[PDB]
């Protein structure tokens, strides 16, 4: 039963094996018009043949070594798969129909699942060397499946770890449509969604995809703008897409390869290097087998009776025919042909096959060496090596713990899986022969804490095979300090737009999603990067004008004092005696008060300065005018007292019913703030000005009626002149009072006060001073 081509040997215990000597079957359309015939597989697999030789070498070495299973020999029964489920099921049917003790598993995950479904019925243990699908770790469906290779969850996590380490957020994914790529892509999608990474496209490929599908995938890749692509597939399934992309000449992409095709000879070609240069992928850990290469080099089509594949091996290696293609003898050298059969650098799957073979032998030895009364079966008994059975071997494999030739313990967990380290490689170009050379740049440690597993040597990486600069795989560029992030409808969060912050607000981050606002008494600078303090505007003594306006007030004070001194010294003189001396003294004191009252309008407006800035001039000028109207021909003193008392009443009631107070205003201009004080009540100020103007008008009329008189050196005309200039300077500033609101309101008030005081002093006293 089974195919004609096989490798067979006899022994006390027989082992099974399945290896992919071919890459795939011949593609054709079978119309059911004639009886269907057997399908043939086409291309050859030197790597699979090397795996088969590794298994045979392990079995033969175990037989030769007398320290393991004495007085007992092992045989084998090995078939070919051509990487197809149908071919592997024919061989498996002959395994369960001599009986096999255990089978060394297949390569593909789907083939392994199909074989294990049949193998688990009879409880025949199956140890695989290359199937890493997470679906095979379910022990409810696969009762007797073990493997020497770890599952792909760690690799899928490592891919996301690498992507996060190189700071990318815009990637695409491609997977093969089988039991190996889909769960891996699902796990990677979960991890990437956890790590805040956006995925643009996701596609499925196959070895038997057609022209429309390949062109659609190529157009999707071409139209996409992401530059990093994660591929979870194998070489036979990835070849057509690579061929089409090479034909279309698409460059500038970054490939993240899984372990299946990170070292495949189908893709690593010099012709394709200009599209797949700089690939970063994963590799397992290499082992050491001493005499393996010597065992490999000794194959021969005539000296290998047990091996049936050696004939076609010779045919494919030497392009000949064994008794158009010529006739080749049996005298050639396999060390002069460039084939992957012996052109290897590390052994990984070969070491997996070695370990999978040795595990069964160790379990058999454990069965053989049992001491009665301390076994694992029923009431402490154990099996017998004369008629041992598959379920007993499976139990002992489930309870196995041994150390290998290198010195590491081998143990299978509850799910029958091992644990192992990963390595990271980079594709380069050989300067001598042009071949692709795999250069190690990092590793992945699975015994470390989360977030401490990845190590990357950045300086040893060429990115497209010729570049030393890390690529750019962001959807959009980063925002600046003065801008914030926007929203583009119909796009993921990884893509946005930068919008400048509005006036009065600032931002200081390169990825800010909003604009900040530092607190009051502050404003945002011109480009809204930082917020600066506001400026306070007010006329103070420091203000240049303030110092000029103070120079003037003290000049007036000094002039009044000098006039008073000249008057008091010459009191008895008839010129002074003509006027009332006490009235002159009171008038000069009131002029002193008027010149002093202008010094309250300058400076910081404290709550008391603005309380008395106005009445200090109002009362003084009222007293001046009242004394002036008196000095014209003591009752007059009491009339003066009445005139001052009337103003005192309204001033006191105003200050006691609605005091004026300081005020900081931030409304006229946003960037600057003012300090100006309102009057509280406006009726009081209006009435003050009205009473002052009423007394002024009364004095003006009274001095107008008696204008034409020469008494007192024509005082009654200079009085009218003084009243006229007072009225003119009061009228001239009404628009300034009613319109502006800055520091110019204070300065004009001081100017008017000084003008009125100076005119009132000069017009009255200059004539008498110039003659005394």
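Residue numbers count along the first chain shown, from 1. Whichever C-alpha set is largest while still superposing within 1.5 Å between the two forms counts as the rigid core.
RMS Cα deviation from the shown model in 7 other deposited structures of this protein, rigid core fit, is larger for 496-504 than for the other stretch of the pair 292-300 / 496-504.
Superposing on the core and measuring CA offsets in 7 other deposited structures of this protein, the stretch of 533-541 and 193-201 with the greater mean deviation is 533-541.
Coordinates for residue 324 are absent from at least a third of the other compared entries of this protein that model residues on both sides of it. Going from residue 379 to residue 380, the model skips none of the deposited residues; the chain is continuous there. Where coordinates are absent for parts of the deposited sequence, a chain break appears; between neighbours residue 633 and residue 634 it spans 10 or more residues.
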